[PDB]
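Just entry23.csv here, CSV, C-alpha atoms and all ligand atoms:
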chain,number,residue,atom,x,y,z
A,6,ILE,CA,0.0,0.0,0.0
A,7,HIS,CA,1.6,3.2,-1.3
A,8,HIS,CA,0.8,6.7,-0.5
A,9,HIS,CA,-1.7,8.5,-2.7
A,10,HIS,CA,-3.3,11.9,-3.2
A,11,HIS,CA,-6.6,13.0,-4.6
A,12,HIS,CA,-6.5,15.8,-7.3
A,13,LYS,CA,-9.4,17.8,-8.7
A,14,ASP,CA,-9.0,18.3,-12.4
A,15,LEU,CA,-10.3,21.0,-14.7
A,16,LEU,CA,-13.7,19.2,-15.1
A,17,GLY,CA,-14.0,18.9,-11.3
A,18,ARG,CA,-13.2,15.2,-11.3
A,19,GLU,CA,-11.4,13.9,-8.2
A,20,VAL,CA,-8.6,11.6,-9.4
A,21,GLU,CA,-6.6,9.3,-7.1
A,22,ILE,CA,-2.9,9.1,-8.0
A,23,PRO,CA,0.1,7.6,-6.2
A,24,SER,CA,2.3,10.3,-4.7
A,25,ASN,CA,5.3,8.8,-6.5
A,26,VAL,CA,4.9,9.8,-10.1
A,27,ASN,CA,7.8,9.0,-12.6
A,28,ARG,CA,6.2,8.1,-15.9
A,29,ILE,CA,3.6,10.3,-17.8
A,30,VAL,CA,1.8,10.7,-21.1
A,31,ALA,CA,0.3,14.0,-22.2
A,32,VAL,CA,-2.2,14.1,-25.0
A,33,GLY,CA,-4.5,16.5,-26.8
A,34,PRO,CA,-3.8,20.1,-28.0
A,35,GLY,CA,-1.3,21.8,-25.7
A,36,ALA,CA,-1.1,19.0,-23.0
A,37,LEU,CA,2.6,18.1,-23.8
A,38,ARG,CA,3.4,21.9,-24.0
A,39,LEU,CA,2.5,22.4,-20.4
A,40,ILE,CA,4.6,19.4,-19.3
A,41,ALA,CA,7.5,21.0,-21.3
A,42,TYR,CA,7.0,24.4,-19.5
A,43,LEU,CA,7.1,22.4,-16.2
A,44,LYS,CA,10.5,20.8,-17.0
A,45,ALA,CA,8.9,17.3,-16.8
A,46,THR,CA,9.9,16.1,-20.3
A,47,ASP,CA,12.2,13.4,-19.0
A,48,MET,CA,9.1,11.7,-17.4
A,49,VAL,CA,7.3,11.4,-20.7
A,50,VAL,CA,7.1,7.8,-21.9
A,51,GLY,CA,5.1,8.1,-25.1
A,52,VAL,CA,4.2,10.8,-27.7
A,53,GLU,CA,1.5,11.5,-30.3
A,54,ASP,CA,2.6,10.9,-33.9
A,55,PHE,CA,1.5,14.5,-34.4
A,56,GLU,CA,4.7,15.9,-32.9
A,57,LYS,CA,6.9,14.4,-35.7
A,58,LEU,CA,4.3,14.5,-38.5
A,59,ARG,CA,3.5,18.2,-38.0
A,60,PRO,CA,6.8,19.7,-37.1
A,61,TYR,CA,6.2,23.4,-37.3
A,62,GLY,CA,4.7,26.3,-35.2
A,63,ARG,CA,5.5,24.9,-31.7
A,64,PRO,CA,8.6,26.2,-29.7
A,65,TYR,CA,8.3,23.3,-27.2
A,66,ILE,CA,9.1,20.6,-29.8
A,67,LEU,CA,12.0,22.7,-31.0
A,68,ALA,CA,13.2,22.9,-27.4
A,69,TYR,CA,12.7,19.2,-26.7
A,70,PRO,CA,13.1,17.4,-30.1
A,71,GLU,CA,13.9,14.1,-28.4
A,72,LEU,CA,10.2,13.8,-27.5
A,73,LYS,CA,9.6,12.8,-31.2
A,74,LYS,CA,11.6,9.6,-30.7
A,75,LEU,CA,9.3,8.1,-28.0
A,76,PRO,CA,6.9,5.3,-28.6
A,77,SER,CA,3.5,6.2,-30.1
A,78,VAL,CA,0.4,6.7,-28.0
A,79,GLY,CA,-1.7,7.5,-31.1
A,80,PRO,CA,-1.9,10.0,-34.0
A,81,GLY,CA,-2.8,13.0,-31.9
A,82,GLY,CA,-4.1,16.2,-33.5
A,83,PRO,CA,-7.4,17.9,-32.8
A,84,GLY,CA,-10.4,15.5,-32.1
A,85,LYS,CA,-8.2,12.4,-31.7
A,86,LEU,CA,-8.1,10.2,-28.7
A,87,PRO,CA,-5.0,8.3,-27.5
A,88,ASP,CA,-4.6,4.6,-28.5
A,89,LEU,CA,-5.8,2.7,-25.4
A,90,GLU,CA,-3.7,-0.4,-26.0
A,91,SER,CA,-0.6,1.8,-26.3
A,92,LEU,CA,-1.4,3.4,-22.9
A,93,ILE,CA,-1.9,0.0,-21.3
A,94,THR,CA,1.5,-1.3,-22.8
A,95,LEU,CA,3.4,1.8,-21.6
A,96,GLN,CA,1.7,2.0,-18.2
A,97,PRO,CA,2.3,5.7,-17.3
A,98,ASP,CA,1.5,6.7,-13.8
A,99,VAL,CA,-0.9,9.4,-15.1
A,100,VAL,CA,-2.3,10.5,-18.4
A,101,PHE,CA,-2.8,14.3,-18.9
A,102,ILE,CA,-5.4,15.2,-21.5
A,103,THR,CA,-6.9,18.4,-22.9
A,104,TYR,CA,-10.1,19.2,-24.9
A,105,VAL,CA,-12.2,16.1,-23.8
A,106,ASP,CA,-15.3,15.8,-21.6
A,107,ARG,CA,-16.0,13.8,-18.5
A,108,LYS,CA,-17.5,10.9,-20.3
A,109,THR,CA,-14.4,10.6,-22.4
A,110,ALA,CA,-11.9,11.0,-19.4
A,111,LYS,CA,-13.8,8.4,-17.4
A,112,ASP,CA,-13.8,5.9,-20.3
A,113,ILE,CA,-10.1,6.2,-20.9
A,114,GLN,CA,-9.3,5.9,-17.2
A,115,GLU,CA,-11.6,2.9,-16.7
A,116,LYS,CA,-10.4,1.1,-19.9
A,117,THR,CA,-6.7,1.6,-19.3
A,118,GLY,CA,-6.7,1.4,-15.5
A,119,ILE,CA,-4.5,4.5,-15.5
A,120,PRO,CA,-5.4,7.8,-13.7
A,121,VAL,CA,-6.6,10.5,-16.2
A,122,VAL,CA,-6.2,14.3,-15.4
A,123,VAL,CA,-8.0,16.7,-17.6
A,124,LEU,CA,-6.2,20.1,-18.1
A,125,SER,CA,-7.6,23.2,-19.8
A,126,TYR,CA,-6.3,26.3,-21.5
A,127,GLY,CA,-9.7,27.9,-20.9
A,128,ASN,CA,-10.5,31.2,-22.8
A,129,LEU,CA,-7.8,31.7,-25.5
A,130,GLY,CA,-8.7,35.5,-25.7
A,131,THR,CA,-6.6,36.5,-22.6
A,132,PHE,CA,-3.0,36.1,-21.1
A,133,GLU,CA,-4.4,35.3,-17.6
A,134,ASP,CA,-6.9,32.6,-17.9
A,135,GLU,CA,-7.5,31.1,-14.4
A,136,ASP,CA,-8.1,27.5,-15.8
A,137,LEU,CA,-4.7,27.7,-17.6
A,138,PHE,CA,-3.0,28.7,-14.4
A,139,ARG,CA,-4.9,26.1,-12.4
A,140,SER,CA,-3.8,23.5,-14.9
A,141,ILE,CA,-0.1,24.5,-14.6
A,142,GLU,CA,-0.4,24.4,-10.7
A,143,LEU,CA,-2.2,21.0,-10.7
A,144,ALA,CA,0.3,19.3,-13.0
A,145,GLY,CA,3.0,20.9,-11.0
A,146,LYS,CA,1.7,19.3,-7.8
A,147,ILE,CA,1.2,15.9,-9.4
A,148,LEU,CA,4.7,16.0,-11.0
A,149,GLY,CA,6.7,17.5,-8.2
A,150,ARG,CA,7.3,20.7,-10.1
A,151,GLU,CA,5.4,23.1,-7.7
A,152,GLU,CA,8.0,25.8,-7.4
A,153,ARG,CA,8.5,25.7,-11.2
A,154,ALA,CA,4.7,26.0,-11.7
A,155,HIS,CA,4.5,29.1,-9.5
A,156,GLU,CA,7.4,30.6,-11.4
A,157,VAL,CA,5.8,29.9,-14.8
A,158,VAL,CA,2.5,31.5,-13.8
A,159,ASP,CA,4.2,34.5,-12.2
A,160,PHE,CA,6.3,35.0,-15.3
A,161,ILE,CA,3.2,35.2,-17.4
A,162,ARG,CA,1.4,37.5,-15.0
A,163,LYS,CA,4.4,39.8,-14.8
A,164,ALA,CA,4.7,40.0,-18.6
A,165,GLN,CA,1.0,41.0,-18.8
A,166,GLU,CA,1.5,43.6,-16.1
A,167,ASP,CA,4.6,45.0,-17.8
A,168,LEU,CA,2.8,45.3,-21.2
A,169,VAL,CA,-0.1,47.2,-19.5
A,170,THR,CA,2.4,49.4,-17.6
A,171,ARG,CA,4.4,50.3,-20.8
A,172,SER,CA,1.2,51.1,-22.7
A,173,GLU,CA,-0.5,53.2,-20.0
A,174,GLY,CA,-1.6,56.6,-21.1
A,175,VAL,CA,-0.6,56.5,-24.7
A,176,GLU,CA,-3.1,57.2,-27.5
A,177,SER,CA,-4.4,54.0,-29.1
A,178,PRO,CA,-3.8,53.7,-32.9
A,179,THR,CA,-6.0,51.6,-35.2
A,180,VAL,CA,-4.7,48.1,-36.0
A,181,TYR,CA,-5.5,44.9,-37.8
A,182,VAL,CA,-4.2,41.4,-37.7
A,183,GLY,CA,-4.6,39.1,-40.7
A,184,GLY,CA,-3.3,35.7,-41.9
A,185,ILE,CA,-4.6,33.9,-38.7
A,186,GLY,CA,-4.6,30.1,-39.0
A,187,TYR,CA,-8.0,28.6,-38.4
A,188,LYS,CA,-8.3,24.9,-39.2
A,189,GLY,CA,-5.8,25.5,-42.0
A,190,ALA,CA,-3.9,28.5,-43.4
A,191,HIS,CA,-5.7,31.7,-44.5
A,192,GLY,CA,-4.9,35.1,-45.9
A,193,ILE,CA,-5.8,38.7,-45.1
A,194,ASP,CA,-9.5,38.0,-44.4
A,195,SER,CA,-8.7,35.7,-41.4
A,196,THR,CA,-8.6,37.9,-38.2
A,197,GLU,CA,-9.4,37.9,-34.5
A,198,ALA,CA,-11.7,40.1,-32.3
A,199,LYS,CA,-10.4,40.6,-28.7
A,200,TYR,CA,-6.9,39.6,-29.9
A,201,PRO,CA,-4.8,39.2,-26.8
A,202,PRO,CA,-1.7,41.0,-27.9
A,203,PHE,CA,-3.8,44.0,-29.0
A,204,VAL,CA,-6.0,43.9,-25.9
A,205,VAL,CA,-3.0,44.1,-23.5
A,206,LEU,CA,-1.7,47.1,-25.4
A,207,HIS,CA,-5.3,48.7,-25.7
A,208,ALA,CA,-4.7,48.9,-29.4
A,209,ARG,CA,-7.9,49.9,-31.3
A,210,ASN,CA,-8.5,46.6,-33.2
A,211,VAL,CA,-10.7,47.6,-36.2
A,212,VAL,CA,-12.8,44.3,-36.0
A,213,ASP,CA,-13.6,44.4,-32.3
A,214,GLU,CA,-17.1,45.4,-33.1
A,215,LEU,CA,-17.6,41.7,-34.0
A,216,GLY,CA,-17.1,40.5,-30.5
A,217,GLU,CA,-14.4,38.0,-29.7
A,218,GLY,CA,-12.4,35.1,-31.2
A,219,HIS,CA,-11.7,34.2,-34.8
A,220,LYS,CA,-13.5,36.1,-37.5
A,221,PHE,CA,-13.5,35.9,-41.3
A,222,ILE,CA,-14.2,39.3,-42.7
A,223,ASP,CA,-15.0,40.9,-46.1
A,224,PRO,CA,-11.7,42.4,-47.1
A,225,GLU,CA,-13.5,45.3,-48.7
A,226,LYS,CA,-14.2,46.4,-45.1
A,227,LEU,CA,-10.5,47.0,-44.7
A,228,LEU,CA,-10.7,49.8,-47.2
A,229,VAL,CA,-13.2,51.5,-44.7
A,230,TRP,CA,-11.5,50.5,-41.4
A,231,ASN,CA,-8.2,51.5,-43.0
A,232,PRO,CA,-6.1,50.4,-40.0
A,233,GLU,CA,-2.9,52.5,-39.4
A,234,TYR,CA,-0.9,49.4,-38.7
A,235,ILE,CA,-1.4,45.8,-40.2
A,236,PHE,CA,0.2,42.8,-38.6
A,237,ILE,CA,0.4,39.6,-40.7
A,238,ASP,CA,0.5,36.3,-38.7
A,239,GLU,CA,3.2,34.4,-40.6
A,240,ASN,CA,1.2,31.2,-40.9
A,241,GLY,CA,-0.8,33.1,-43.6
A,242,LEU,CA,2.0,35.1,-45.0
A,243,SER,CA,2.3,33.1,-48.2
A,244,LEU,CA,-1.4,33.5,-48.9
A,245,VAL,CA,-1.2,37.2,-48.2
A,246,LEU,CA,1.7,37.7,-50.6
A,247,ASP,CA,0.0,35.7,-53.3
A,248,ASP,CA,-3.1,37.9,-52.8
A,249,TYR,CA,-1.0,41.0,-53.0
A,250,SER,CA,0.5,40.0,-56.3
A,251,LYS,CA,-3.0,39.4,-57.7
A,252,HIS,CA,-4.6,42.5,-56.2
A,253,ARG,CA,-1.9,45.1,-55.9
A,254,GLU,CA,-4.2,48.1,-56.4
A,255,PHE,CA,-6.4,47.1,-53.4
A,256,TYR,CA,-3.4,46.7,-51.1
A,257,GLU,CA,-1.6,49.9,-52.3
A,258,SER,CA,-4.8,51.9,-51.4
A,259,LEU,CA,-4.5,51.0,-47.7
A,260,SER,CA,-2.8,53.6,-45.5
A,261,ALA,CA,-0.9,50.9,-43.7
A,262,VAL,CA,0.7,49.8,-47.0
A,263,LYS,CA,1.3,53.4,-48.1
A,264,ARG,CA,3.2,54.2,-44.9
A,265,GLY,CA,5.2,50.9,-44.7
A,266,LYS,CA,3.3,49.9,-41.5
A,267,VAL,CA,2.8,46.2,-42.5
A,268,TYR,CA,4.7,43.8,-40.2
A,269,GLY,CA,5.2,40.1,-39.7
A,270,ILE,CA,4.5,38.3,-36.5
A,271,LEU,CA,5.0,34.7,-35.5
A,272,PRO,CA,2.0,32.4,-35.3
A,273,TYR,CA,1.1,31.3,-31.8
A,274,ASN,CA,-2.1,29.3,-32.2
A,275,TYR,CA,-0.8,25.9,-33.5
A,276,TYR,CA,-2.1,23.1,-31.3
A,277,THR,CA,-3.6,25.6,-28.9
A,278,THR,CA,-1.6,28.5,-27.4
A,279,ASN,CA,2.1,28.8,-27.7
A,280,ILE,CA,2.2,31.2,-24.7
A,281,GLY,CA,5.9,32.2,-25.2
A,282,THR,CA,5.2,33.1,-28.8
A,283,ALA,CA,2.0,35.0,-28.0
A,284,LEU,CA,4.0,37.1,-25.4
A,285,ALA,CA,6.9,37.7,-27.8
A,286,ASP,CA,4.4,38.9,-30.4
A,287,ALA,CA,2.8,41.3,-27.9
A,288,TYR,CA,6.3,42.8,-27.1
A,289,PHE,CA,7.0,43.2,-30.8
A,290,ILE,CA,3.6,44.9,-31.5
A,291,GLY,CA,4.1,47.1,-28.4
A,292,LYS,CA,7.4,48.3,-29.8
A,293,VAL,CA,5.9,49.0,-33.1
A,294,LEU,CA,2.9,51.0,-31.8
A,295,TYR,CA,4.6,52.6,-28.8
A,296,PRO,CA,8.4,52.8,-29.6
A,297,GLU,CA,9.2,55.3,-26.9
A,298,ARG,CA,7.8,52.9,-24.2
A,299,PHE,CA,9.9,50.0,-25.6
A,300,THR,CA,13.3,51.6,-26.2
A,301,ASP,CA,14.9,48.9,-23.9
A,302,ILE,CA,13.3,46.0,-25.8
A,303,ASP,CA,14.9,44.2,-28.7
A,304,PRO,CA,11.9,42.1,-29.8
A,305,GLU,CA,14.1,39.2,-31.1
A,306,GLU,CA,16.2,39.1,-27.9
A,307,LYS,CA,13.1,39.4,-25.8
A,308,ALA,CA,11.5,36.4,-27.8
A,309,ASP,CA,14.6,34.3,-26.8
A,310,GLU,CA,14.5,35.5,-23.2
A,311,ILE,CA,10.8,34.2,-23.1
A,312,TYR,CA,11.7,30.9,-24.8
A,313,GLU,CA,14.7,30.4,-22.6
A,314,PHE,CA,12.7,30.9,-19.5
A,315,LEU,CA,9.7,28.8,-20.5
A,316,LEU,CA,11.5,26.1,-22.5
A,317,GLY,CA,15.2,26.3,-21.6
A,318,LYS,CA,16.3,26.9,-25.2
A,319,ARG,CA,16.6,30.0,-27.4
A,320,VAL,CA,14.4,28.9,-30.3
A,321,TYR,CA,13.5,32.2,-31.9
A,322,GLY,CA,16.0,31.7,-34.7
A,323,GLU,CA,14.4,28.5,-35.7
A,324,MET,CA,11.0,30.1,-35.6
A,325,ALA,CA,12.2,32.9,-37.8
A,326,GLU,CA,13.6,30.4,-40.3
A,327,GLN,CA,10.2,28.6,-40.4
A,328,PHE,CA,8.0,31.7,-40.6
A,329,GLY,CA,10.0,34.8,-41.3
A,330,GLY,CA,10.4,36.4,-37.9
A,331,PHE,CA,9.6,39.9,-36.7
A,332,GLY,CA,9.9,42.9,-39.0
A,333,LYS,CA,8.3,45.1,-41.6
A,334,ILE,CA,7.1,43.1,-44.7
A,335,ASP,CA,7.9,44.3,-48.2
A,336,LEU,CA,4.8,43.0,-49.9
A,337,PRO,CA,6.2,43.2,-53.5
A,338,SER,CA,9.3,41.1,-52.7
A,339,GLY,CA,7.9,39.0,-49.8
A,340,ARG,CA,10.9,39.8,-47.6
A,341,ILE,CA,10.9,40.4,-43.9
A,342,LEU,CA,13.2,43.3,-42.9
A,343,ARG,CA,14.5,41.7,-39.6
A,344,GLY,CA,15.3,44.1,-36.8
A,345,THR,CA,12.8,46.7,-37.9
A,346,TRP,CA,9.7,48.1,-36.1
A,401,CL,CL,5.8,28.9,-26.4
A,402,NI,NI,-7.6,8.6,-0.1
Starting from the file, lay out its structure as structure tokens.
Amino acid sequence: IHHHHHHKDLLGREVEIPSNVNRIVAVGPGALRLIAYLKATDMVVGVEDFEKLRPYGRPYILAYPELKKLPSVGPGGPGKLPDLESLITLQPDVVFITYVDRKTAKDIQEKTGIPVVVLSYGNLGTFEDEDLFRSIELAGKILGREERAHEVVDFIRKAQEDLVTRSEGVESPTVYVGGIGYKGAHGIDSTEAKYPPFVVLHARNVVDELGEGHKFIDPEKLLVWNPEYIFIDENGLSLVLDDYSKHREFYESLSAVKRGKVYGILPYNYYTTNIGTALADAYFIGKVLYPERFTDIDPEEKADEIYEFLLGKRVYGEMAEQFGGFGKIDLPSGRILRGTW
């Protein structure tokens, strides 16, 4: 008879787990990311095929590439469940899972005989979701990473506070973000209302009239909104560039284009939120909109400070090689002018 504890997961399920935890699996969008942030990668005994098959957009897998070599626990990806026989064979002490319901968690736990803990990123429209922080704390307790959990959450909270502080009292310019991935890549018409990097900087997002979350808009409305600054999420950059080449007159009529105020940002939404990348993007956008309040911030160095803290490796360079990196975009050539704002 070994010592156990009872843990209340993000669905309010009480789960009994031995206190001695050494072997884990993390499945569903962003579950493995949180384990990476908690420095518990060496406990991971199986991995979704997704990590190797879809290699881009995720700092954690660039920081911990050895995870790709572990035995399969299933395909992964959105809407997939782990392979139960793989779980039974690997016998982790606990399975962490995201984006499932109680029925599903119960079924996996009962069929495998392995404790299942549901984690949650909660609302993706904020840097301070309490379910996300709770998830980090809870996995921290279960994994013996409690101090590290507090540190991760505090880092995120302080970054939010710092961005608010730096932006306090400045006039808010009009802005737009396009190119946002949403079940596939999209171009200029794919945006977001209540976009967290904008919201923390109180930027006047021209689509915020639409409410919150992902939006597809009529790009003719851009001609009326005429945002002072345009940010292109680099998951959609190729599509935007192709659109530009086909519709040069449309784009050249926008004041953002006229003034060279079109910039590339790194994608952060791949397999739910890459929190480091989202924060790095907010520092880059802040420097662009409010340069006097960011004179001490080199956005590329800051991205690597973030990644080094959360993931222990300076992966910005690899991200910039995948997507382009931070800088003004020259729409005719498709080049990113790195080190510009
Ligand atoms: Cl990240
Ligand atoms: Ni008990």
With distances taken over all atoms listed in the file, which residue among A:67, A:215, A:43, A:105 lies nearest residue 85 of chain A? A:105
Near-ligand residues for ligand NI 402 (chain A), threshold 10 Å, only C-alpha atoms and all ligand atoms, as a PDB file with C-alpha atoms, keeping the file's coordinate frame:
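Saved file out_1.pdb follows:
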ATOM      1  CA  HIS A   8       0.800   6.700  -0.500  1.00  0.00           C
ATOM      2  CA  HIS A   9      -1.700   8.500  -2.700  1.00  0.00           C
ATOM      3  CA  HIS A  10      -3.300  11.900  -3.200  1.00  0.00           C
ATOM      4  CA  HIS A  11      -6.600  13.000  -4.600  1.00  0.00           C
ATOM      5  CA  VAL A  20      -8.600  11.600  -9.400  1.00  0.00           C
ATOM      6  CA  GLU A  21      -6.600   9.300  -7.100  1.00  0.00           C
ATOM      7  CA  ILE A  22      -2.900   9.100  -8.000  1.00  0.00           C
ATOM      8  CA  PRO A  23       0.100   7.600  -6.200  1.00  0.00           C
TER       9      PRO A  23
END
Distance atom CA of residue 55 of chain A-atom CA of residue 42 of chain A, one decimal place?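 Pair atom CA of residue 55 of chain A / atom CA of residue 42 of chain A returns 18.7 Å.
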Surrounding residues of residue 230 of chain A excluding itself and chain neighbours under 6 positions, 10 Å, only C-alpha atoms, as a CSV table (one decimal) with C-alpha atoms, in the coordinates of the input:
chain,number,residue,atom,x,y,z
A,179,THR,CA,-6.0,51.6,-35.2
A,180,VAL,CA,-4.7,48.1,-36.0
A,181,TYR,CA,-5.5,44.9,-37.8
A,210,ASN,CA,-8.5,46.6,-33.2
A,211,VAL,CA,-10.7,47.6,-36.2
A,212,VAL,CA,-12.8,44.3,-36.0
A,224,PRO,CA,-11.7,42.4,-47.1
A,259,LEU,CA,-4.5,51.0,-47.7
Using all atoms listed in the file, determine which residues fall within 12 Å of ligand CL 401 (chain A), then list them as a PyMOL selection string. chain A and resi 35+37-42+62-69+157+161+271-286+308-321+324
Output of the above residues as a PDB file, in the coordinates of the input, restricted to C-alpha atoms:
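Now in part-v1.pdb:
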ATOM      1  CA  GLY A  35      -1.300  21.800 -25.700  1.00  0.00           C
ATOM      2  CA  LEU A  37       2.600  18.100 -23.800  1.00  0.00           C
ATOM      3  CA  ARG A  38       3.400  21.900 -24.000  1.00  0.00           C
ATOM      4  CA  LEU A  39       2.500  22.400 -20.400  1.00  0.00           C
ATOM      5  CA  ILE A  40       4.600  19.400 -19.300  1.00  0.00           C
ATOM      6  CA  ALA A  41       7.500  21.000 -21.300  1.00  0.00           C
ATOM      7  CA  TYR A  42       7.000  24.400 -19.500  1.00  0.00           C
ATOM      8  CA  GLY A  62       4.700  26.300 -35.200  1.00  0.00           C
ATOM      9  CA  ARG A  63       5.500  24.900 -31.700  1.00  0.00           C
ATOM     10  CA  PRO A  64       8.600  26.200 -29.700  1.00  0.00           C
ATOM     11  CA  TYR A  65       8.300  23.300 -27.200  1.00  0.00           C
ATOM     12  CA  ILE A  66       9.100  20.600 -29.800  1.00  0.00           C
ATOM     13  CA  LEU A  67      12.000  22.700 -31.000  1.00  0.00           C
ATOM     14  CA  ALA A  68      13.200  22.900 -27.400  1.00  0.00           C
ATOM     15  CA  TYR A  69      12.700  19.200 -26.700  1.00  0.00           C
ATOM     16  CA  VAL A 157       5.800  29.900 -14.800  1.00  0.00           C
ATOM     17  CA  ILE A 161       3.200  35.200 -17.400  1.00  0.00           C
ATOM     18  CA  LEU A 271       5.000  34.700 -35.500  1.00  0.00           C
ATOM     19  CA  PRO A 272       2.000  32.400 -35.300  1.00  0.00           C
ATOM     20  CA  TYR A 273       1.100  31.300 -31.800  1.00  0.00           C
ATOM     21  CA  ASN A 274      -2.100  29.300 -32.200  1.00  0.00           C
ATOM     22  CA  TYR A 275      -0.800  25.900 -33.500  1.00  0.00           C
ATOM     23  CA  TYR A 276      -2.100  23.100 -31.300  1.00  0.00           C
ATOM     24  CA  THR A 277      -3.600  25.600 -28.900  1.00  0.00           C
ATOM     25  CA  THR A 278      -1.600  28.500 -27.400  1.00  0.00           C
ATOM     26  CA  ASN A 279       2.100  28.800 -27.700  1.00  0.00           C
ATOM     27  CA  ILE A 280       2.200  31.200 -24.700  1.00  0.00           C
ATOM     28  CA  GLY A 281       5.900  32.200 -25.200  1.00  0.00           C
ATOM     29  CA  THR A 282       5.200  33.100 -28.800  1.00  0.00           C
ATOM     30  CA  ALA A 283       2.000  35.000 -28.000  1.00  0.00           C
ATOM     31  CA  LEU A 284       4.000  37.100 -25.400  1.00  0.00           C
ATOM     32  CA  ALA A 285       6.900  37.700 -27.800  1.00  0.00           C
ATOM     33  CA  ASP A 286       4.400  38.900 -30.400  1.00  0.00           C
ATOM     34  CA  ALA A 308      11.500  36.400 -27.800  1.00  0.00           C
ATOM     35  CA  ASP A 309      14.600  34.300 -26.800  1.00  0.00           C
ATOM     36  CA  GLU A 310      14.500  35.500 -23.200  1.00  0.00           C
ATOM     37  CA  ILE A 311      10.800  34.200 -23.100  1.00  0.00           C
ATOM     38  CA  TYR A 312      11.700  30.900 -24.800  1.00  0.00           C
ATOM     39  CA  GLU A 313      14.700  30.400 -22.600  1.00  0.00           C
ATOM     40  CA  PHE A 314      12.700  30.900 -19.500  1.00  0.00           C
ATOM     41  CA  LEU A 315       9.700  28.800 -20.500  1.00  0.00           C
ATOM     42  CA  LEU A 316      11.500  26.100 -22.500  1.00  0.00           C
ATOM     43  CA  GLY A 317      15.200  26.300 -21.600  1.00  0.00           C
ATOM     44  CA  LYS A 318      16.300  26.900 -25.200  1.00  0.00           C
ATOM     45  CA  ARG A 319      16.600  30.000 -27.400  1.00  0.00           C
ATOM     46  CA  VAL A 320      14.400  28.900 -30.300  1.00  0.00           C
ATOM     47  CA  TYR A 321      13.500  32.200 -31.900  1.00  0.00           C
ATOM     48  CA  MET A 324      11.000  30.100 -35.600  1.00  0.00           C
TER      49      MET A 324
END
Have a look at atom CA of residue 209 of chain A and atom CA of residue 338 of chain A and let me know their distance in Å, one decimal. 28.8 Å
Between atom CA of residue 46 of chain A and atom CA of residue 186 of chain A, what distance in Å does the model show, to one decimal?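 Calculated distance between atom CA of residue 46 of chain A and atom CA of residue 186 of chain A is 27.5 Å.
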Which residue out of A:168, A:336, A:175, A:206 has the minimum interatomic distance to residue 247 of chain A when all atoms listed in the file are used?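 Distance minimum relative to residue 247 of chain A lands on A:336.
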Which is closest to residue 326 of chain A among A:218, A:92, A:346, A:61, if we use only C-alpha atoms?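 Between A:218, A:92, A:346, A:61, the residue approaching residue 326 of chain A most closely is A:61.
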For residue 249 of chain A, please output as a list in words all residues within 10 Å (counting all atoms listed in the file; exclusion window: fewer than 4 positions along the same chain).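 Using all atoms listed in the file, the neighbours found are residues 193, 243, 244, 245, 253, 254, 255, 256, 257, 336, 337 and 339 of chain A.
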Write the selection just made, keeping C-alpha atoms, as a PDB file, in the frame of the given file?
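Output file again-v7.pdb follows:
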ATOM      1  CA  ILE A 193      -5.800  38.700 -45.100  1.00  0.00           C
ATOM      2  CA  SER A 243       2.300  33.100 -48.200  1.00  0.00           C
ATOM      3  CA  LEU A 244      -1.400  33.500 -48.900  1.00  0.00           C
ATOM      4  CA  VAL A 245      -1.200  37.200 -48.200  1.00  0.00           C
ATOM      5  CA  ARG A 253      -1.900  45.100 -55.900  1.00  0.00           C
ATOM      6  CA  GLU A 254      -4.200  48.100 -56.400  1.00  0.00           C
ATOM      7  CA  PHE A 255      -6.400  47.100 -53.400  1.00  0.00           C
ATOM      8  CA  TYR A 256      -3.400  46.700 -51.100  1.00  0.00           C
ATOM      9  CA  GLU A 257      -1.600  49.900 -52.300  1.00  0.00           C
ATOM     10  CA  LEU A 336       4.800  43.000 -49.900  1.00  0.00           C
ATOM     11  CA  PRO A 337       6.200  43.200 -53.500  1.00  0.00           C
ATOM     12  CA  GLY A 339       7.900  39.000 -49.800  1.00  0.00           C
TER      13      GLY A 339
END
What residues have an atom no more than 8 Å from (-4.0, 8.7, -24.2) in the file's own frame, counting only C-alpha atoms, and can you write them as a short mmCIF file (atom, residue, chain, number, x, y, z; two decimals) with C-alpha atoms, in the coordinates of the input?
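Final file, part-v5.cif:
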data_model
loop_
_atom_site.label_atom_id
_atom_site.label_comp_id
_atom_site.auth_asym_id
_atom_site.auth_seq_id
_atom_site.Cartn_x
_atom_site.Cartn_y
_atom_site.Cartn_z
CA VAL A 30 1.80 10.70 -21.10
CA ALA A 31 0.30 14.00 -22.20
CA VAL A 32 -2.20 14.10 -25.00
CA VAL A 78 0.40 6.70 -28.00
CA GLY A 79 -1.70 7.50 -31.10
CA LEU A 86 -8.10 10.20 -28.70
CA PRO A 87 -5.00 8.30 -27.50
CA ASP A 88 -4.60 4.60 -28.50
CA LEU A 89 -5.80 2.70 -25.40
CA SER A 91 -0.60 1.80 -26.30
CA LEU A 92 -1.40 3.40 -22.90
CA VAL A 100 -2.30 10.50 -18.40
CA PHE A 101 -2.80 14.30 -18.90
CA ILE A 102 -5.40 15.20 -21.50
CA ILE A 113 -10.10 6.20 -20.90
#
Find the residues around residue 47 of chain A up to 9 Å (all atoms listed in the file counted), leave out those fewer than 6 positions away in its own chain, and share them as a list in words.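 Residues near the query, excluding close chain neighbours: residues 27, 28 and 72 of chain A.
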Counting all atoms listed in the file, which residues come within 7 Å of (5.3, 12.8, -15.2), with the point read in the file's coordinates, and could you list them as a ChimeraX atom specification? /A:26-29,45,48-49,148
